[PDB]
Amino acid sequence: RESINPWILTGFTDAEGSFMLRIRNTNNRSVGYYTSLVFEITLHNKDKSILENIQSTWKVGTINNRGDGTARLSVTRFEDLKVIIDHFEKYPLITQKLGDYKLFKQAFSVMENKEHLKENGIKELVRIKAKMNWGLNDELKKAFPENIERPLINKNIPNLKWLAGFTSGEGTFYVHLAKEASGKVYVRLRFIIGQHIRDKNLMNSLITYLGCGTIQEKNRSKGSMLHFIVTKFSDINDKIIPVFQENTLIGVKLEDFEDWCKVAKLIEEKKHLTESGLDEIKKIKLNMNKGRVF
């Protein structure tokens, strides 16, 4: 179906997706190496439509339906990769994934000269794979004793469309219920984004760019990880909800968000204290997030 806005695309890619450089020796007597370039996303079936719309937008890559209960989009056809690179040069990433993507681009240029089939090709492309992702496997580590640091990237959030894309990937909207013996049962709206410590910068940018929220480190559970949380109702209703209302989310999360706002209006109309409306809230919370059923 439909295609996606470019910045929504880049944002969602910062959240999910991987750029990978395969370097595998030849099963043939050829003492050489075959080098593959792959950009692939793997999601729960709920969001398969996204995988389509990405395809529909790039018109490259294949979409495989897995038995894992997930769906995967792969782009490895060499010339098709141009599309990808063309995109992320006109709409760059901002998370640490940018680093990996850049190495991707680098590798592509090395293979574009068709020199990868050359000894020089092998020498350079390994120097690249060592830097991106988990680096070299043990085999390539023994075959190529070499010297390979890595500084953190600190880019600024481009716009709100990027945020709607990214949040559609890694954001969360939670309705917290605490029900003293008063029996009342309190309601609270939380908007959470969980990131690895390496993306601390992004987190910081988040607060300033939204002008609200608070960062909770989470190290007594080793992930590492840390969270960006917004719960103050003034900020949720005056700062968060309008953002994602004018820059719509994508994927099932949108529906979640919508139900979220249902709760938010009820909490604004003060109808959350009456038990009937509180029942309405409970019903919504029960049928969203992990509770929704597709």
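We number the residues from 1 along the sequence you see.
According to the record, 1 to 3 deposited residues between residue 179 and residue 180 are left without atomic coordinates.
According to the entry, the stretch of the deposited sequence that connects residue 148 to residue 149 contains 1 to 3 residues lacking coordinates, which leaves a short gap in the model.
Mean CA temperature factor is higher for 203-211 when stretches 203-211 and 161-169 are set side by side in the entry. Here the stretch with the larger average CA B-factor, out of 70-78 and 151-159, is 151-159. The entry assigns its greatest Cα B factor, within the set 40, 269, 235, 258, to 269. Residue-level inspection of the entry shows that, of 21, 9, 15, 273, 273 has the top Cα B-factor.
Sort the modelled residues of the chain by CA B factor and residue 92 lands in the middle third. Per the PDB record, residue ranking by Cα B-factor puts residue 185 in the highest third of the chain. Annotation for residue 191: C-alpha temperature factor in the lowest third relative to the rest of the modelled chain, per the entry. Sort the chain's modelled residues by C-alpha temperature factor and residue 231 lands in the lowest third, per the entry. For residue 125, the recorded CA temperature factor ranks within the middle third of the chain's modelled residues.
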